[PDB]
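Scroll down for the structure; my scribbles are underneath it.
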Amino acid sequence: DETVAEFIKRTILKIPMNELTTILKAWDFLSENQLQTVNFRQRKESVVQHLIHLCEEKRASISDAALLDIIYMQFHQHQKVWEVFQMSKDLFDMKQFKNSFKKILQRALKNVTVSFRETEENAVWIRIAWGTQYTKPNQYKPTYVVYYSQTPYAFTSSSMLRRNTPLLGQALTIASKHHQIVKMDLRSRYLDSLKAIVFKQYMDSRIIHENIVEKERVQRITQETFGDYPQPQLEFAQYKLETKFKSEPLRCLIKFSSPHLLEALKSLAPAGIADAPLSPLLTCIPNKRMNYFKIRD
Amino acid sequence: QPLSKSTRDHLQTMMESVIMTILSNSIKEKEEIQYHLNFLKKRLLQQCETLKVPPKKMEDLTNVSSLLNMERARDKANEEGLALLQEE
Amino acid sequence: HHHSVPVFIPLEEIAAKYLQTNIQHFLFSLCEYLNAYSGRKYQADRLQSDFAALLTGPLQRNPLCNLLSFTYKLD
Amino acid sequence: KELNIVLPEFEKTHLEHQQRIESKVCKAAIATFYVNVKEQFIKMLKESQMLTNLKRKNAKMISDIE
């Protein structure tokens, strides 16, 4: 098929050529001799044309291309925004789970391009390409869902899932043999930090400093609140507040943007910008496992 | 709006084909009848080029039929799916 | 505020059960559960490492190892 | 559409051509030509009619399946 061929070509173009070999070592769809027939020192057009030749010599399909896309996503895992779904209310099996999920998504409207790829730490990665009742599913607007066996949490990349969100949720909860499924308001791009947060897996004596008690108290409070461990890499926060003025409630809306949050916030108190004890709205981001807030009077 | 250029070229092709066919079975009086038919064709071309139509989209004459078939199949498939959905 | 126990071990229900009241039974129960999980995992990976000689296929194991499915040939 | 306007013009042109011509064999050939082209033109007009009908039906079943 030409569609799968151009899909694989686009995925390869997305892959940096410096690691394409690793991709093959992770893809393993093509024989190692075919890999040896291609040198990676030559031009990008030449290498992609040779890869097209290699995949056309074999039988190119959708499952192998989807697996390649999944493994590319694994190696990057930095280009999408992730949200977290919680299931609530004990026997598991991979095969029957896959069968049930596939059956539900086929029953969704008529068809959908679904691909599975088991990963270490029970990380089943699922690539889903949506399609309507009268069109083949589109491979240009995919979505990714990460499931952990026998766990109350799942991860989803929401690029176009706002079209049909309840469908994916109900399919996931029926496949997970769980009744209640909810979406907590927690959204971020560093997927590994989300993993850590959801599971809680994280001299010149002539100078006479004055107010040194204030400095030692503020540094101690900051250390006790944050800790010596490297804080999870979180990148976006937003609070929606509506509280009485006390100085008709004022409605406030703040967004914190930072390439490395929880560290500038860690340095605010030592820099003297904020008080020694920070407000609970900022000291419970890893504690409450909450990223978006709403405050009323 | 004047006639769409694709429609003009299509119509001109059909007039050429029909004039060739009507010249095929004509043995005598070839030159005068072919000149008269050429004048007829050119006057018809001028009339159709000058003709005015409201701005309504009208797709290529040859392909539309095929589209219908596909469209019909689409509906059938849709209906089938609809039935399945209702069945569920 | 911090823990190292893997998440697939159920404790939050046990937390609502006996974390607030009768903490000793809470700790004893979680100790039993972790011991059972560790024993199951030790049996599983011991089988995978040692007795793979007569096994004809990979074993499907859950993180909690409540369900085990495998195939074996004996001569 | 465009055809809905060009067919009456074609009919009037065929009428004037038939009136001006005098040869009986040429008259019969022109009549057969007119019959063939009129049949094809009305056929494609009908095809466009069920084209727009099928488009409306497709939209209706799209809403229904949604």
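Chain identifiers are assigned as A, B, and so on, following the order in which chains appear in the structure tokens; residues are numbered from 1 within each chain, and ligands are numbered from 1 in order of appearance.
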
At a cut-off of 12 Å, list the chain B residues touching chain A, using only C-alpha atoms, as a PyMOL selection string. chain B and resi 70-88

Could you please take those selected residues and save N, CA and C atoms as a short mmCIF file (atom, residue, chain, number, x, y, z; two decimals), in the first residue's frame?
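Result file is part-v8.cif:
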```cif
data_model
loop_
_atom_site.label_atom_id
_atom_site.label_comp_id
_atom_site.auth_asym_id
_atom_site.auth_seq_id
_atom_site.Cartn_x
_atom_site.Cartn_y
_atom_site.Cartn_z
N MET B 70 -20.65 5.41 -6.15
CA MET B 70 -19.93 5.42 -4.88
C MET B 70 -20.81 5.96 -3.77
N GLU B 71 -21.44 7.11 -4.02
CA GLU B 71 -22.34 7.68 -3.03
C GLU B 71 -23.40 6.67 -2.61
N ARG B 72 -24.03 6.01 -3.58
CA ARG B 72 -25.02 5.00 -3.25
C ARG B 72 -24.43 3.96 -2.31
N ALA B 73 -23.28 3.40 -2.70
CA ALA B 73 -22.62 2.42 -1.84
C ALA B 73 -22.41 2.98 -0.45
N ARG B 74 -21.88 4.21 -0.38
CA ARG B 74 -21.67 4.87 0.93
C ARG B 74 -22.97 4.77 1.75
N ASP B 75 -24.10 5.25 1.20
CA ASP B 75 -25.35 5.21 1.94
C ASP B 75 -25.66 3.80 2.39
N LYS B 76 -25.53 2.83 1.48
CA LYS B 76 -25.78 1.44 1.85
C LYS B 76 -24.94 1.07 3.06
N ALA B 77 -23.63 1.30 2.97
CA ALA B 77 -22.77 1.02 4.11
C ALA B 77 -23.27 1.74 5.35
N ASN B 78 -23.52 3.05 5.22
CA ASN B 78 -24.06 3.80 6.34
C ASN B 78 -25.31 3.13 6.88
N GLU B 79 -26.27 2.83 6.00
CA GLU B 79 -27.49 2.18 6.45
C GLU B 79 -27.17 0.91 7.21
N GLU B 80 -26.29 0.07 6.65
CA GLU B 80 -25.90 -1.15 7.33
C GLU B 80 -25.40 -0.84 8.73
N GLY B 81 -24.43 0.08 8.82
CA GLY B 81 -23.94 0.47 10.13
C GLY B 81 -25.05 0.96 11.02
N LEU B 82 -25.91 1.84 10.48
CA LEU B 82 -27.05 2.32 11.24
C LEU B 82 -27.84 1.15 11.80
N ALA B 83 -28.19 0.19 10.94
CA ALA B 83 -28.93 -0.98 11.40
C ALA B 83 -28.19 -1.65 12.54
N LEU B 84 -26.89 -1.93 12.33
CA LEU B 84 -26.10 -2.55 13.38
C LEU B 84 -26.21 -1.75 14.67
N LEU B 85 -26.01 -0.43 14.57
CA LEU B 85 -26.12 0.41 15.76
C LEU B 85 -27.48 0.21 16.42
N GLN B 86 -28.56 0.34 15.64
CA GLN B 86 -29.88 0.13 16.19
C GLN B 86 -29.99 -1.25 16.81
N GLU B 87 -29.48 -2.26 16.12
CA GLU B 87 -29.50 -3.62 16.66
C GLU B 87 -28.87 -3.64 18.04
N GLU B 88 -27.67 -3.07 18.16
CA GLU B 88 -27.02 -3.01 19.46
C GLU B 88 -27.93 -2.35 20.48
#
```

Hey, what's within 12 Å of region 47-58 of chain D if we count only C-alpha atoms and toss same-chain stuff fewer than 2 positions away? As an MDAnalysis selection string, please? (chainID A and resid 133:134) or (chainID B and resid 57:79) or (chainID D and resid 1:4 40:45 60:65)

Export N, CA and C atoms of the chosen residues as a compact mmCIF listing (two decimals), in the first residue's frame?
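Resulting contents of result_23.txt:
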```
# COMPACT_ATOMS: atom_id res chain seq x y z
N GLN A 133 -17.64 6.77 10.16
CA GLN A 133 -18.42 5.68 9.57
C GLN A 133 -18.19 5.54 8.07
N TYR A 134 -17.68 6.58 7.40
CA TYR A 134 -17.57 6.54 5.95
C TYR A 134 -16.17 6.86 5.46
N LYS B 57 -22.60 25.59 -8.98
CA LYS B 57 -21.52 24.66 -9.30
C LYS B 57 -22.06 23.43 -10.00
N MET B 58 -21.43 23.03 -11.10
CA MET B 58 -21.89 21.92 -11.93
C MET B 58 -20.65 21.14 -12.36
N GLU B 59 -20.50 19.93 -11.82
CA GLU B 59 -19.25 19.19 -11.93
C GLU B 59 -19.14 18.52 -13.30
N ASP B 60 -17.96 17.95 -13.57
CA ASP B 60 -17.66 17.40 -14.89
C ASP B 60 -18.71 16.38 -15.31
N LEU B 61 -19.08 16.43 -16.59
CA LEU B 61 -20.22 15.65 -17.08
C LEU B 61 -19.95 14.15 -17.00
N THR B 62 -18.72 13.72 -17.30
CA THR B 62 -18.45 12.29 -17.42
C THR B 62 -18.39 11.59 -16.07
N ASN B 63 -17.80 12.23 -15.06
CA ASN B 63 -17.49 11.56 -13.80
C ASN B 63 -18.67 11.46 -12.85
N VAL B 64 -19.66 12.37 -12.95
CA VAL B 64 -20.70 12.47 -11.93
C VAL B 64 -21.38 11.13 -11.71
N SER B 65 -21.72 10.43 -12.80
CA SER B 65 -22.38 9.14 -12.69
C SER B 65 -21.61 8.21 -11.77
N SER B 66 -20.30 8.06 -12.00
CA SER B 66 -19.49 7.21 -11.14
C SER B 66 -19.64 7.63 -9.68
N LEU B 67 -19.54 8.93 -9.42
CA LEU B 67 -19.71 9.44 -8.07
C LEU B 67 -21.00 8.92 -7.45
N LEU B 68 -22.11 9.02 -8.20
CA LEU B 68 -23.39 8.53 -7.69
C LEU B 68 -23.26 7.10 -7.18
N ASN B 69 -22.69 6.22 -8.00
CA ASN B 69 -22.53 4.83 -7.58
C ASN B 69 -21.82 4.76 -6.24
N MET B 70 -20.65 5.41 -6.15
CA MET B 70 -19.93 5.42 -4.88
C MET B 70 -20.81 5.96 -3.77
N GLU B 71 -21.44 7.11 -4.02
CA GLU B 71 -22.34 7.68 -3.03
C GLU B 71 -23.40 6.67 -2.61
N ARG B 72 -24.03 6.01 -3.58
CA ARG B 72 -25.02 5.00 -3.25
C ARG B 72 -24.43 3.96 -2.31
N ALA B 73 -23.28 3.40 -2.70
CA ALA B 73 -22.62 2.42 -1.84
C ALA B 73 -22.41 2.98 -0.45
N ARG B 74 -21.88 4.21 -0.38
CA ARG B 74 -21.67 4.87 0.93
C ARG B 74 -22.97 4.77 1.75
N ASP B 75 -24.10 5.25 1.20
CA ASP B 75 -25.35 5.21 1.94
C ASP B 75 -25.66 3.80 2.39
N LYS B 76 -25.53 2.83 1.48
CA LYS B 76 -25.78 1.44 1.85
C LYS B 76 -24.94 1.07 3.06
N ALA B 77 -23.63 1.30 2.97
CA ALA B 77 -22.77 1.02 4.11
C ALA B 77 -23.27 1.74 5.35
N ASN B 78 -23.52 3.05 5.22
CA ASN B 78 -24.06 3.80 6.34
C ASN B 78 -25.31 3.13 6.88
N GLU B 79 -26.27 2.83 6.00
CA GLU B 79 -27.49 2.18 6.45
C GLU B 79 -27.17 0.91 7.21
N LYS D 1 -29.20 24.50 -13.38
CA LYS D 1 -27.76 24.70 -13.52
C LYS D 1 -27.41 25.25 -14.89
N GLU D 2 -26.15 25.06 -15.29
CA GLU D 2 -25.69 25.53 -16.63
C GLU D 2 -26.48 24.76 -17.69
N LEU D 3 -26.60 23.44 -17.54
CA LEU D 3 -27.29 22.63 -18.53
C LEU D 3 -28.75 23.05 -18.65
N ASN D 4 -29.38 23.40 -17.53
CA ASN D 4 -30.78 23.82 -17.55
C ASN D 4 -30.98 25.04 -18.45
N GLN D 40 -29.00 12.24 -23.92
CA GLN D 40 -27.82 12.29 -23.05
C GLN D 40 -27.88 13.48 -22.10
N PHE D 41 -28.34 14.63 -22.59
CA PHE D 41 -28.39 15.83 -21.76
C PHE D 41 -29.40 15.68 -20.64
N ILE D 42 -30.59 15.15 -20.94
CA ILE D 42 -31.58 14.94 -19.89
C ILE D 42 -31.11 13.85 -18.94
N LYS D 43 -30.38 12.85 -19.45
CA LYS D 43 -29.84 11.81 -18.57
C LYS D 43 -28.85 12.39 -17.58
N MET D 44 -27.96 13.28 -18.03
CA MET D 44 -26.98 13.84 -17.11
C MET D 44 -27.63 14.87 -16.18
N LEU D 45 -28.68 15.55 -16.64
CA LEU D 45 -29.45 16.40 -15.73
C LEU D 45 -30.09 15.57 -14.62
N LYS D 60 -28.15 13.72 5.75
CA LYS D 60 -29.18 13.28 6.69
C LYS D 60 -28.73 12.04 7.47
N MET D 61 -28.21 11.03 6.77
CA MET D 61 -27.74 9.85 7.48
C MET D 61 -26.47 10.13 8.28
N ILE D 62 -25.71 11.16 7.89
CA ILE D 62 -24.57 11.56 8.72
C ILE D 62 -25.06 12.08 10.06
N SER D 63 -26.07 12.95 10.03
CA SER D 63 -26.67 13.41 11.27
C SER D 63 -27.26 12.25 12.06
N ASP D 64 -27.91 11.32 11.36
CA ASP D 64 -28.53 10.17 12.02
C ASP D 64 -27.49 9.30 12.71
N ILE D 65 -26.39 8.98 12.03
CA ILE D 65 -25.37 8.13 12.63
C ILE D 65 -24.65 8.87 13.75
```

May I have all residues of region 60-262 of chain A that DSSP, computed from the backbone, assigns to strand (DSSP E or B), given as JSON, numbers by chain? {"A": [82, 83, 84, 85, 86, 87, 88, 113, 114, 115, 116, 117, 123, 124, 125, 126, 127, 128, 129, 142, 143, 144, 145, 146, 147, 148, 153, 154, 155, 156, 157, 180, 181, 182, 183, 184, 185, 186, 187, 188, 236, 237, 238, 239, 240, 241, 242, 243, 250, 251, 252, 253, 254, 255, 256, 257]}

As a PyMOL selection string, please: the residues near residue 168 (chain A) (cut-off 10 Å, only C-alpha atoms, same-chain neighbours under 2 positions excluded). chain A and resi 101+104-105+108+128+145+156+161+164-166+170-174

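Interface residues of chain A facing chain C, defined by any atom at most 10 Å away and using only C-alpha atoms, are residues 90, 91, 92, 93, 94, 95, 121, 122, 148, 149, 150, 151, 152, 153, 198, 199, 200, 201, 202, 286, 287 and 288 of chain A.
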
As an MDAnalysis selection string, please: every residue in region 23-56 of chain C that DSSP puts in alpha helix (DSSP H). chainID C and resid 23:49

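Rounded to one decimal, CA of residue 10 (chain A) and CA of residue 25 (chain A) lie 18.8 Å from each other.
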
Report as a PDB file with N, CA and C atoms, in the first residue's frame all protein, DNA and RNA residues lying within 12 Å of residue 17 (chain C), evaluated on only C-alpha atoms, omitting residues in the same chain fewer than 4 positions from it.
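Output (around_23.pdb):
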```pdb
ATOM      1  N   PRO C  10      -2.614  -3.093  46.727  1.00  0.00           N
ATOM      2  CA  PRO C  10      -3.693  -2.262  47.274  1.00  0.00           C
ATOM      3  C   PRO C  10      -3.420  -1.906  48.726  1.00  0.00           C
ATOM      4  N   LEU C  11      -3.328  -0.607  49.007  1.00  0.00           N
ATOM      5  CA  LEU C  11      -3.134  -0.125  50.364  1.00  0.00           C
ATOM      6  C   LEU C  11      -4.083   0.995  50.758  1.00  0.00           C
ATOM      7  N   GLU C  12      -4.561   1.787  49.796  1.00  0.00           N
ATOM      8  CA  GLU C  12      -5.450   2.897  50.121  1.00  0.00           C
ATOM      9  C   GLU C  12      -6.770   2.398  50.695  1.00  0.00           C
ATOM     10  N   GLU C  13      -7.290   1.289  50.167  1.00  0.00           N
ATOM     11  CA  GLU C  13      -8.444   0.654  50.794  1.00  0.00           C
ATOM     12  C   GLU C  13      -8.084   0.146  52.181  1.00  0.00           C
ATOM     13  N   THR C  21      -7.314   3.526  62.538  1.00  0.00           N
ATOM     14  CA  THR C  21      -7.595   2.756  63.741  1.00  0.00           C
ATOM     15  C   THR C  21      -6.909   1.402  63.653  1.00  0.00           C
ATOM     16  N   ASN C  22      -6.324   0.969  64.766  1.00  0.00           N
ATOM     17  CA  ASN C  22      -5.577  -0.287  64.846  1.00  0.00           C
ATOM     18  C   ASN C  22      -4.441  -0.303  63.823  1.00  0.00           C
ATOM     19  N   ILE C  23      -3.495   0.617  64.031  1.00  0.00           N
ATOM     20  CA  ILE C  23      -2.367   0.773  63.119  1.00  0.00           C
ATOM     21  C   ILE C  23      -1.509  -0.485  63.099  1.00  0.00           C
ATOM     22  N   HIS C  25      -2.429  -3.653  63.256  1.00  0.00           N
ATOM     23  CA  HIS C  25      -2.985  -4.608  62.302  1.00  0.00           C
ATOM     24  C   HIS C  25      -2.758  -4.140  60.872  1.00  0.00           C
ATOM     25  N   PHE C  26      -2.816  -2.826  60.646  1.00  0.00           N
ATOM     26  CA  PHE C  26      -2.506  -2.261  59.336  1.00  0.00           C
ATOM     27  C   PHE C  26      -1.104  -2.654  58.884  1.00  0.00           C
ATOM     28  N   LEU C  27      -0.113  -2.415  59.747  1.00  0.00           N
ATOM     29  CA  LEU C  27       1.260  -2.765  59.407  1.00  0.00           C
ATOM     30  C   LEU C  27       1.444  -4.266  59.243  1.00  0.00           C
ATOM     31  N   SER C  29      -0.788  -6.488  58.284  1.00  0.00           N
ATOM     32  CA  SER C  29      -1.423  -6.900  57.040  1.00  0.00           C
ATOM     33  C   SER C  29      -0.594  -6.485  55.832  1.00  0.00           C
ATOM     34  N   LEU C  30      -0.082  -5.250  55.828  1.00  0.00           N
ATOM     35  CA  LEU C  30       0.721  -4.825  54.686  1.00  0.00           C
ATOM     36  C   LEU C  30       2.019  -5.615  54.615  1.00  0.00           C
TER      37      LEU C  30
END
```

Do you know which residues are at most 12 Å from region 8-20 of chain D counting only C-alpha atoms, after dropping those on the same chain fewer than 4 positions away, and could you put them as a PDB file with N, CA and C atoms, in the first residue's frame?
```pdb
ATOM      1  N   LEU B  11     -18.382  20.231 -24.310  1.00  0.00           N
ATOM      2  CA  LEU B  11     -19.370  20.403 -25.368  1.00  0.00           C
ATOM      3  C   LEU B  11     -18.705  20.491 -26.733  1.00  0.00           C
ATOM      4  N   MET B  15     -19.350  18.076 -29.921  1.00  0.00           N
ATOM      5  CA  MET B  15     -19.696  18.568 -31.254  1.00  0.00           C
ATOM      6  C   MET B  15     -18.704  18.080 -32.301  1.00  0.00           C
ATOM      7  N   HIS B  36     -20.702  24.181 -43.876  1.00  0.00           N
ATOM      8  CA  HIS B  36     -21.909  24.614 -43.184  1.00  0.00           C
ATOM      9  C   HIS B  36     -21.925  24.115 -41.745  1.00  0.00           C
ATOM     10  N   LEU B  37     -21.493  22.871 -41.525  1.00  0.00           N
ATOM     11  CA  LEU B  37     -21.460  22.327 -40.173  1.00  0.00           C
ATOM     12  C   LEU B  37     -20.394  23.010 -39.323  1.00  0.00           C
ATOM     13  N   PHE B  39     -19.501  26.192 -39.687  1.00  0.00           N
ATOM     14  CA  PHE B  39     -20.117  27.468 -39.336  1.00  0.00           C
ATOM     15  C   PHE B  39     -21.139  27.286 -38.217  1.00  0.00           C
ATOM     16  N   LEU B  40     -21.925  26.210 -38.293  1.00  0.00           N
ATOM     17  CA  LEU B  40     -22.876  25.900 -37.233  1.00  0.00           C
ATOM     18  C   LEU B  40     -22.166  25.693 -35.902  1.00  0.00           C
ATOM     19  N   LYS B  41     -21.068  24.935 -35.912  1.00  0.00           N
ATOM     20  CA  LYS B  41     -20.329  24.660 -34.687  1.00  0.00           C
ATOM     21  C   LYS B  41     -19.749  25.936 -34.096  1.00  0.00           C
ATOM     22  N   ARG B  43     -20.838  29.053 -34.528  1.00  0.00           N
ATOM     23  CA  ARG B  43     -21.907  29.898 -34.004  1.00  0.00           C
ATOM     24  C   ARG B  43     -22.434  29.351 -32.680  1.00  0.00           C
ATOM     25  N   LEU B  44     -22.559  28.025 -32.574  1.00  0.00           N
ATOM     26  CA  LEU B  44     -22.955  27.422 -31.306  1.00  0.00           C
ATOM     27  C   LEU B  44     -21.919  27.674 -30.216  1.00  0.00           C
ATOM     28  N   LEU B  45     -20.631  27.609 -30.560  1.00  0.00           N
ATOM     29  CA  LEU B  45     -19.585  27.901 -29.587  1.00  0.00           C
ATOM     30  C   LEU B  45     -19.673  29.340 -29.100  1.00  0.00           C
ATOM     31  N   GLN B  46     -19.884  30.285 -30.019  1.00  0.00           N
ATOM     32  CA  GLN B  46     -20.053  31.676 -29.611  1.00  0.00           C
ATOM     33  C   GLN B  46     -21.278  31.854 -28.721  1.00  0.00           C
ATOM     34  N   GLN B  47     -22.395  31.212 -29.074  1.00  0.00           N
ATOM     35  CA  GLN B  47     -23.611  31.345 -28.275  1.00  0.00           C
ATOM     36  C   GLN B  47     -23.425  30.772 -26.875  1.00  0.00           C
ATOM     37  N   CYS B  48     -22.773  29.613 -26.764  1.00  0.00           N
ATOM     38  CA  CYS B  48     -22.577  29.008 -25.451  1.00  0.00           C
ATOM     39  C   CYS B  48     -21.549  29.769 -24.623  1.00  0.00           C
ATOM     40  N   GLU B  49     -20.530  30.346 -25.265  1.00  0.00           N
ATOM     41  CA  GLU B  49     -19.582  31.182 -24.536  1.00  0.00           C
ATOM     42  C   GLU B  49     -20.243  32.454 -24.024  1.00  0.00           C
ATOM     43  N   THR B  50     -21.121  33.057 -24.825  1.00  0.00           N
ATOM     44  CA  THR B  50     -21.845  34.256 -24.425  1.00  0.00           C
ATOM     45  C   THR B  50     -22.966  33.964 -23.430  1.00  0.00           C
ATOM     46  N   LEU B  51     -23.436  32.720 -23.361  1.00  0.00           N
ATOM     47  CA  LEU B  51     -24.574  32.377 -22.519  1.00  0.00           C
ATOM     48  C   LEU B  51     -24.256  32.620 -21.047  1.00  0.00           C
ATOM     49  N   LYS B  52     -25.264  33.051 -20.293  1.00  0.00           N
ATOM     50  CA  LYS B  52     -25.099  33.409 -18.891  1.00  0.00           C
ATOM     51  C   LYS B  52     -25.852  32.429 -17.999  1.00  0.00           C
TER      52      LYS B  52
ATOM     53  N   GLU D   2     -26.151  25.063 -15.289  1.00  0.00           N
ATOM     54  CA  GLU D   2     -25.694  25.525 -16.626  1.00  0.00           C
ATOM     55  C   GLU D   2     -26.476  24.760 -17.693  1.00  0.00           C
ATOM     56  N   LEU D   3     -26.598  23.439 -17.535  1.00  0.00           N
ATOM     57  CA  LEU D   3     -27.293  22.628 -18.530  1.00  0.00           C
ATOM     58  C   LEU D   3     -28.753  23.046 -18.652  1.00  0.00           C
ATOM     59  N   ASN D   4     -29.378  23.404 -17.528  1.00  0.00           N
ATOM     60  CA  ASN D   4     -30.775  23.824 -17.550  1.00  0.00           C
ATOM     61  C   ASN D   4     -30.979  25.038 -18.448  1.00  0.00           C
ATOM     62  N   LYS D  24     -33.587  15.697 -47.162  1.00  0.00           N
ATOM     63  CA  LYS D  24     -34.310  14.756 -46.312  1.00  0.00           C
ATOM     64  C   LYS D  24     -33.365  13.850 -45.531  1.00  0.00           C
ATOM     65  N   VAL D  25     -32.292  13.370 -46.168  1.00  0.00           N
ATOM     66  CA  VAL D  25     -31.326  12.537 -45.459  1.00  0.00           C
ATOM     67  C   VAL D  25     -30.601  13.352 -44.395  1.00  0.00           C
ATOM     68  N   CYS D  26     -30.237  14.595 -44.718  1.00  0.00           N
ATOM     69  CA  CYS D  26     -29.639  15.473 -43.721  1.00  0.00           C
ATOM     70  C   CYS D  26     -30.623  15.790 -42.605  1.00  0.00           C
ATOM     71  N   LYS D  27     -31.905  15.961 -42.940  1.00  0.00           N
ATOM     72  CA  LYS D  27     -32.916  16.193 -41.913  1.00  0.00           C
ATOM     73  C   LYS D  27     -33.012  15.005 -40.961  1.00  0.00           C
ATOM     74  N   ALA D  28     -33.016  13.787 -41.506  1.00  0.00           N
ATOM     75  CA  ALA D  28     -33.082  12.598 -40.659  1.00  0.00           C
ATOM     76  C   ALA D  28     -31.835  12.466 -39.792  1.00  0.00           C
ATOM     77  N   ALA D  29     -30.661  12.744 -40.365  1.00  0.00           N
ATOM     78  CA  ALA D  29     -29.424  12.675 -39.592  1.00  0.00           C
ATOM     79  C   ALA D  29     -29.429  13.696 -38.461  1.00  0.00           C
ATOM     80  N   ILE D  30     -29.892  14.914 -38.744  1.00  0.00           N
ATOM     81  CA  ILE D  30     -29.954  15.951 -37.720  1.00  0.00           C
ATOM     82  C   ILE D  30     -30.971  15.583 -36.646  1.00  0.00           C
ATOM     83  N   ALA D  31     -32.090  14.971 -37.043  1.00  0.00           N
ATOM     84  CA  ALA D  31     -33.083  14.543 -36.063  1.00  0.00           C
ATOM     85  C   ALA D  31     -32.529  13.462 -35.143  1.00  0.00           C
ATOM     86  N   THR D  32     -31.814  12.482 -35.705  1.00  0.00           N
ATOM     87  CA  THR D  32     -31.189  11.457 -34.873  1.00  0.00           C
ATOM     88  C   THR D  32     -30.134  12.053 -33.950  1.00  0.00           C
ATOM     89  N   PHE D  33     -29.318  12.976 -34.470  1.00  0.00           N
ATOM     90  CA  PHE D  33     -28.360  13.697 -33.640  1.00  0.00           C
ATOM     91  C   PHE D  33     -29.049  14.400 -32.476  1.00  0.00           C
ATOM     92  N   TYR D  34     -30.137  15.120 -32.761  1.00  0.00           N
ATOM     93  CA  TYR D  34     -30.859  15.835 -31.716  1.00  0.00           C
ATOM     94  C   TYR D  34     -31.430  14.876 -30.684  1.00  0.00           C
ATOM     95  N   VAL D  35     -32.004  13.760 -31.134  1.00  0.00           N
ATOM     96  CA  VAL D  35     -32.571  12.792 -30.199  1.00  0.00           C
ATOM     97  C   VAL D  35     -31.484  12.251 -29.279  1.00  0.00           C
ATOM     98  N   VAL D  37     -28.467  13.564 -28.487  1.00  0.00           N
ATOM     99  CA  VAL D  37     -27.882  14.548 -27.582  1.00  0.00           C
ATOM    100  C   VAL D  37     -28.890  14.976 -26.524  1.00  0.00           C
ATOM    101  N   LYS D  38     -30.169  15.095 -26.890  1.00  0.00           N
ATOM    102  CA  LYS D  38     -31.187  15.456 -25.910  1.00  0.00           C
ATOM    103  C   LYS D  38     -31.347  14.361 -24.863  1.00  0.00           C
ATOM    104  N   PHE D  41     -28.337  14.629 -22.591  1.00  0.00           N
ATOM    105  CA  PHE D  41     -28.386  15.827 -21.764  1.00  0.00           C
ATOM    106  C   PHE D  41     -29.398  15.675 -20.636  1.00  0.00           C
ATOM    107  N   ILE D  42     -30.590  15.154 -20.943  1.00  0.00           N
ATOM    108  CA  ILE D  42     -31.577  14.942 -19.890  1.00  0.00           C
ATOM    109  C   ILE D  42     -31.113  13.846 -18.939  1.00  0.00           C
TER     110      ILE D  42
END
```
